[PDB]
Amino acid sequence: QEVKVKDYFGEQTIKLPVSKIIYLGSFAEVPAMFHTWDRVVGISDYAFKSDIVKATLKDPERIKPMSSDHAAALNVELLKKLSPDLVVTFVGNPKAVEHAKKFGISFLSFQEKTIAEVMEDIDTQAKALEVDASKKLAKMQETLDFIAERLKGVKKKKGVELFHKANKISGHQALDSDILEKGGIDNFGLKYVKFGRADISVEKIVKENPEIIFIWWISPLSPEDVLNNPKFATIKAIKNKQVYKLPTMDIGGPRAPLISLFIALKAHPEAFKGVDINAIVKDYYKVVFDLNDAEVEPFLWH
(Lines of atoms letter the chains of each structure in order from A and count residues from 1; the text may use other names and numbers.)
(Lines give C-alpha, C1' and ligand atoms only; values in the text may rest on other atoms or scores of the structure.)
Protein backbone atom coordinates (compact mmCIF):
# COMPACT_ATOMS: atom_id res chain seq x y z
CA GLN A 1 0.00 0.00 0.00
CA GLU A 2 1.03 3.65 -0.25
CA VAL A 3 0.06 7.09 0.99
CA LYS A 4 0.55 10.35 -0.87
CA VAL A 5 1.42 13.38 1.24
CA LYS A 6 2.69 16.92 0.69
CA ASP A 7 5.90 18.29 2.16
CA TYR A 8 8.60 20.93 1.59
CA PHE A 9 9.48 19.45 -1.82
CA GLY A 10 5.89 18.94 -2.95
CA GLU A 11 4.10 15.61 -3.39
CA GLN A 12 5.68 12.45 -1.97
CA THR A 13 4.51 8.85 -2.21
CA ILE A 14 5.40 6.82 0.87
CA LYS A 15 5.39 3.02 0.67
CA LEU A 16 3.71 1.22 3.58
CA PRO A 17 4.43 -0.17 6.05
CA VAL A 18 7.21 2.07 7.35
CA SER A 19 9.37 -0.18 9.56
CA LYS A 20 12.67 1.70 9.94
CA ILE A 21 12.75 5.47 10.44
CA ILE A 22 15.42 8.07 11.04
CA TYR A 23 14.55 11.46 12.52
CA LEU A 24 16.91 14.32 11.67
CA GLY A 25 16.75 17.82 13.10
CA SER A 26 13.23 17.91 14.52
CA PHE A 27 10.26 15.80 15.63
CA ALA A 28 12.41 13.90 18.14
CA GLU A 29 9.42 13.42 20.45
CA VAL A 30 7.03 12.11 17.81
CA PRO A 31 7.98 8.44 18.37
CA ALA A 32 7.18 9.02 22.04
CA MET A 33 3.64 10.27 21.33
CA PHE A 34 2.94 7.38 18.94
CA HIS A 35 4.83 4.59 20.73
CA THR A 36 6.89 3.91 17.63
CA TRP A 37 10.37 3.76 19.15
CA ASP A 38 10.62 0.16 17.94
CA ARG A 39 10.58 1.46 14.37
CA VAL A 40 13.28 4.13 14.89
CA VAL A 41 16.86 3.27 13.86
CA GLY A 42 18.51 6.68 14.16
CA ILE A 43 17.83 10.09 15.69
CA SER A 44 19.68 13.44 15.97
CA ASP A 45 21.89 13.22 19.04
CA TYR A 46 20.33 16.30 20.68
CA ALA A 47 17.14 14.23 21.06
CA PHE A 48 18.70 12.17 23.80
CA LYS A 49 18.61 15.26 26.04
CA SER A 50 14.79 15.51 25.82
CA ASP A 51 13.21 14.32 29.08
CA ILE A 52 10.28 12.62 27.32
CA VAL A 53 12.76 10.76 25.06
CA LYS A 54 14.74 9.69 28.12
CA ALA A 55 11.58 8.42 29.82
CA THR A 56 9.82 6.62 26.94
CA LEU A 57 12.72 5.18 24.90
CA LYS A 58 13.36 1.90 26.71
CA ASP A 59 16.13 0.57 24.46
CA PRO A 60 18.31 3.51 23.36
CA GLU A 61 21.19 1.04 22.95
CA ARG A 62 20.08 0.06 19.44
CA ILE A 63 19.40 3.59 18.09
CA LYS A 64 22.21 5.39 16.22
CA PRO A 65 22.85 8.98 17.36
CA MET A 66 22.96 11.10 14.19
CA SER A 67 24.48 14.53 13.58
CA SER A 68 22.34 17.46 14.74
CA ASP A 69 23.92 19.83 12.22
CA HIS A 70 22.25 22.09 9.64
CA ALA A 71 22.87 20.10 7.75
CA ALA A 72 25.18 17.70 5.86
CA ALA A 73 24.35 15.47 8.81
CA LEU A 74 26.35 12.23 8.71
CA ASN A 75 25.47 11.61 5.13
CA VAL A 76 24.48 9.12 2.48
CA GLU A 77 26.99 6.48 3.57
CA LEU A 78 25.59 6.25 7.11
CA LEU A 79 22.01 6.48 5.86
CA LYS A 80 22.41 3.47 3.54
CA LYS A 81 24.17 1.55 6.34
CA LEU A 82 21.05 2.01 8.48
CA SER A 83 18.77 1.09 5.54
CA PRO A 84 15.77 3.17 6.63
CA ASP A 85 12.39 3.05 4.90
CA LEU A 86 11.88 6.73 5.66
CA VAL A 87 13.89 9.73 6.83
CA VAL A 88 11.94 12.53 8.52
CA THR A 89 14.00 15.73 8.40
CA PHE A 90 13.82 19.44 9.20
CA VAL A 91 15.14 21.31 6.18
CA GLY A 92 18.07 23.40 7.37
CA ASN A 93 20.06 22.84 4.19
CA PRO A 94 17.74 22.38 1.17
CA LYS A 95 20.58 21.40 -1.17
CA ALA A 96 21.95 18.76 1.21
CA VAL A 97 18.54 17.13 1.56
CA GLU A 98 17.84 17.33 -2.19
CA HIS A 99 21.14 15.51 -2.81
CA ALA A 100 20.41 12.79 -0.23
CA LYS A 101 16.99 12.22 -1.85
CA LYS A 102 18.78 10.99 -4.99
CA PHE A 103 19.81 7.64 -3.50
CA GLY A 104 16.45 5.84 -3.40
CA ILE A 105 15.64 6.53 0.25
CA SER A 106 12.28 8.22 0.89
CA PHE A 107 12.32 11.53 2.77
CA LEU A 108 9.56 13.43 4.51
CA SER A 109 10.92 16.97 4.63
CA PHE A 110 9.46 19.71 6.79
CA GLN A 111 10.31 23.29 7.69
CA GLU A 112 7.75 24.17 10.34
CA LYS A 113 7.51 27.87 11.26
CA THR A 114 4.47 27.81 13.58
CA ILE A 115 2.83 25.49 16.11
CA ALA A 116 -0.02 25.14 13.59
CA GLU A 117 2.49 23.85 11.06
CA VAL A 118 4.00 21.46 13.61
CA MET A 119 0.54 19.92 14.08
CA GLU A 120 -0.01 19.65 10.32
CA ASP A 121 3.34 17.88 10.02
CA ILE A 122 2.60 15.52 12.94
CA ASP A 123 -0.66 14.72 11.11
CA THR A 124 1.32 13.97 7.95
CA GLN A 125 3.73 11.67 9.82
CA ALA A 126 0.78 9.82 11.39
CA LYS A 127 -0.44 8.96 7.87
CA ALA A 128 2.98 7.49 7.09
CA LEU A 129 3.11 5.63 10.41
CA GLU A 130 -0.48 4.35 10.09
CA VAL A 131 -1.47 5.67 13.52
CA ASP A 132 -4.35 7.91 14.55
CA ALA A 133 -3.34 11.35 15.81
CA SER A 134 -6.71 13.11 16.06
CA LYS A 135 -7.15 12.67 19.83
CA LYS A 136 -3.56 13.75 20.56
CA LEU A 137 -3.71 16.72 18.17
CA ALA A 138 -6.98 17.74 19.86
CA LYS A 139 -5.24 17.96 23.26
CA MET A 140 -2.47 20.08 21.72
CA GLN A 141 -5.07 22.49 20.32
CA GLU A 142 -7.10 22.51 23.55
CA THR A 143 -3.94 23.52 25.38
CA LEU A 144 -3.22 26.34 22.93
CA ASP A 145 -6.83 27.50 23.26
CA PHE A 146 -6.51 27.59 27.06
CA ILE A 147 -3.40 29.77 26.93
CA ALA A 148 -4.93 32.20 24.45
CA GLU A 149 -8.02 32.48 26.66
CA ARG A 150 -5.97 33.45 29.73
CA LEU A 151 -3.91 36.00 27.75
CA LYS A 152 -6.89 37.73 26.11
CA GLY A 153 -6.79 41.35 27.24
CA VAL A 154 -3.30 40.95 28.69
CA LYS A 155 -0.61 43.27 27.31
CA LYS A 156 2.31 41.42 25.71
CA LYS A 157 5.65 41.70 27.50
CA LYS A 158 8.70 42.87 25.54
CA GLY A 159 11.15 39.99 25.42
CA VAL A 160 13.45 37.89 23.29
CA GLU A 161 15.02 34.44 23.23
CA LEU A 162 18.79 33.81 23.04
CA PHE A 163 20.28 30.83 21.18
CA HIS A 164 23.88 29.77 20.45
CA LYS A 165 25.20 32.99 21.93
CA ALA A 166 23.85 35.92 23.91
CA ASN A 167 23.28 38.07 20.83
CA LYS A 168 21.67 35.46 18.61
CA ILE A 169 17.87 35.87 18.55
CA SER A 170 14.80 34.81 16.55
CA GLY A 171 12.71 36.81 14.10
CA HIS A 172 9.98 36.13 11.58
CA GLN A 173 9.57 32.70 9.98
CA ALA A 174 10.95 30.89 13.03
CA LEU A 175 9.10 28.33 15.11
CA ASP A 176 10.75 29.70 18.28
CA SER A 177 9.15 33.07 17.56
CA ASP A 178 5.66 31.55 17.16
CA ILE A 179 6.16 29.77 20.48
CA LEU A 180 7.11 33.11 22.12
CA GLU A 181 4.12 34.88 20.58
CA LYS A 182 1.69 32.24 21.89
CA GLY A 183 3.29 32.76 25.31
CA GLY A 184 2.42 36.45 25.35
CA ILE A 185 5.82 37.83 24.41
CA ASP A 186 6.35 40.81 22.13
CA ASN A 187 9.56 39.45 20.60
CA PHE A 188 11.76 42.38 19.52
CA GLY A 189 13.71 40.04 17.24
CA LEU A 190 10.83 40.54 14.77
CA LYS A 191 12.16 44.05 14.15
CA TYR A 192 15.66 42.93 13.16
CA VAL A 193 15.41 39.43 11.76
CA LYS A 194 13.29 38.69 8.69
CA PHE A 195 13.93 34.93 8.67
CA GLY A 196 14.96 32.32 11.22
CA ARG A 197 17.57 33.00 13.88
CA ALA A 198 20.38 35.55 13.56
CA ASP A 199 22.93 37.73 15.34
CA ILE A 200 22.26 41.36 16.14
CA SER A 201 24.52 43.87 17.88
CA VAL A 202 24.65 43.97 21.68
CA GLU A 203 24.00 47.72 21.41
CA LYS A 204 20.60 47.05 19.80
CA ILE A 205 19.72 44.49 22.46
CA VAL A 206 20.53 47.04 25.16
CA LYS A 207 18.49 49.71 23.37
CA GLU A 208 15.45 47.46 22.97
CA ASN A 209 15.74 46.79 26.69
CA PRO A 210 13.63 43.62 27.08
CA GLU A 211 11.61 43.06 30.25
CA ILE A 212 12.08 39.28 30.06
CA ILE A 213 14.65 36.98 28.41
CA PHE A 214 14.28 33.30 27.56
CA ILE A 215 17.08 30.90 26.69
CA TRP A 216 16.85 28.12 24.09
CA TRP A 217 16.99 24.72 25.79
CA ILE A 218 20.02 23.67 23.67
CA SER A 219 21.90 26.93 24.33
CA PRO A 220 25.27 26.77 26.09
CA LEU A 221 24.04 29.75 28.15
CA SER A 222 22.63 29.47 31.65
CA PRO A 223 20.53 32.24 33.23
CA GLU A 224 23.56 33.09 35.37
CA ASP A 225 25.68 33.64 32.23
CA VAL A 226 23.16 36.23 31.06
CA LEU A 227 22.47 37.88 34.43
CA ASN A 228 26.20 38.40 35.05
CA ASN A 229 27.11 39.63 31.56
CA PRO A 230 28.45 43.17 32.16
CA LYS A 231 27.09 44.32 28.77
CA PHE A 232 23.52 43.57 29.90
CA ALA A 233 23.78 45.32 33.27
CA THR A 234 21.39 48.11 32.24
CA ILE A 235 18.66 45.84 30.82
CA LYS A 236 15.34 45.53 32.69
CA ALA A 237 15.25 41.74 32.46
CA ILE A 238 18.65 41.59 34.17
CA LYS A 239 17.79 44.11 36.91
CA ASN A 240 14.56 42.27 37.75
CA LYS A 241 16.06 38.76 37.37
CA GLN A 242 13.62 37.83 34.63
CA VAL A 243 15.93 35.45 32.77
CA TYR A 244 14.65 31.92 32.26
CA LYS A 245 15.97 28.79 30.52
CA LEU A 246 13.29 26.99 28.54
CA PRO A 247 12.52 23.40 29.55
CA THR A 248 14.04 20.25 28.01
CA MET A 249 11.37 20.02 25.29
CA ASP A 250 11.94 19.82 21.53
CA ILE A 251 10.25 22.79 19.90
CA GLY A 252 9.28 20.95 16.72
CA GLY A 253 6.95 18.41 18.24
CA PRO A 254 4.06 17.45 20.54
CA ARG A 255 5.27 19.56 23.47
CA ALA A 256 5.37 22.91 21.70
CA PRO A 257 2.12 24.02 23.43
CA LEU A 258 3.70 23.32 26.84
CA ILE A 259 6.67 25.54 26.00
CA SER A 260 4.24 28.37 25.27
CA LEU A 261 2.44 27.60 28.55
CA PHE A 262 5.78 27.76 30.39
CA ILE A 263 6.57 31.10 28.77
CA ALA A 264 3.09 32.50 29.56
CA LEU A 265 3.36 31.37 33.18
CA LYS A 266 6.77 33.06 33.55
CA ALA A 267 5.83 36.25 31.75
CA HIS A 268 2.24 36.66 32.98
CA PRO A 269 1.82 34.73 36.22
CA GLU A 270 -1.14 36.95 37.25
CA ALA A 271 -3.12 35.62 34.27
CA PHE A 272 -3.12 32.16 35.85
CA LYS A 273 -4.15 33.20 39.36
CA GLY A 274 -6.70 30.53 40.26
CA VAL A 275 -5.51 27.94 37.78
CA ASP A 276 -4.33 24.42 38.64
CA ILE A 277 -1.36 24.29 36.26
CA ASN A 278 -0.21 20.77 37.16
CA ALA A 279 -3.63 19.16 36.56
CA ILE A 280 -3.46 20.54 33.01
CA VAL A 281 0.17 19.45 32.65
CA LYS A 282 -0.70 16.01 34.04
CA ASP A 283 -3.57 15.40 31.64
CA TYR A 284 -1.42 16.64 28.75
CA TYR A 285 1.16 13.90 29.33
CA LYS A 286 -1.49 11.26 29.92
CA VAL A 287 -3.33 11.96 26.65
CA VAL A 288 -0.39 12.86 24.39
CA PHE A 289 2.13 10.34 25.75
CA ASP A 290 -0.05 7.75 27.55
CA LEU A 291 2.15 7.91 30.66
CA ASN A 292 0.84 6.37 33.88
CA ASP A 293 0.52 8.22 37.20
CA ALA A 294 3.98 7.21 38.41
CA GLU A 295 5.62 8.08 35.09
CA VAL A 296 4.01 11.54 34.87
CA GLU A 297 5.21 12.82 38.29
CA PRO A 298 8.74 13.91 37.23
CA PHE A 299 7.10 15.94 34.43
CA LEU A 300 4.98 18.13 36.72
CA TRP A 301 6.25 21.67 37.26
CA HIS A 302 8.02 23.06 40.36
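Residue positions are given as counts along the sequence shown, with the first one as 1.
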message = When the Cα temperature factors in the entry are averaged, is it 126-134 or 99-107 that ends up higher?
response = 99-107
task = Would you determine, from the values in the PDB entry, which of 205-213 and 74-82 has the greater average C-alpha temperature factor?
result = 74-82
ask   = Looking at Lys49, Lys273, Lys266, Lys64, which has the biggest Cα B factor in the entry?
value = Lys273
ask   = In terms of the CA temperature factor given in the entry, to which third of its chain does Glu120 belong: lowest, middle or highest?
value = middle
task = Could you tell me which third, lowest, middle or highest, the C-alpha B-factor of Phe195 occupies within its chain?
result = lowest
ask   = With respect to C-alpha B-factor, does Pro223 fall in the lowest, middle or highest third of the chain as deposited?
value = lowest
query = Which third, lowest, middle or highest, does the CA B-factor of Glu161 fall in along this chain?
reply = lowest
message = Quick check on the deposited entry: does the C-alpha B-factor of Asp186 sit in the lowest, middle or highest third of its chain?
response = middle
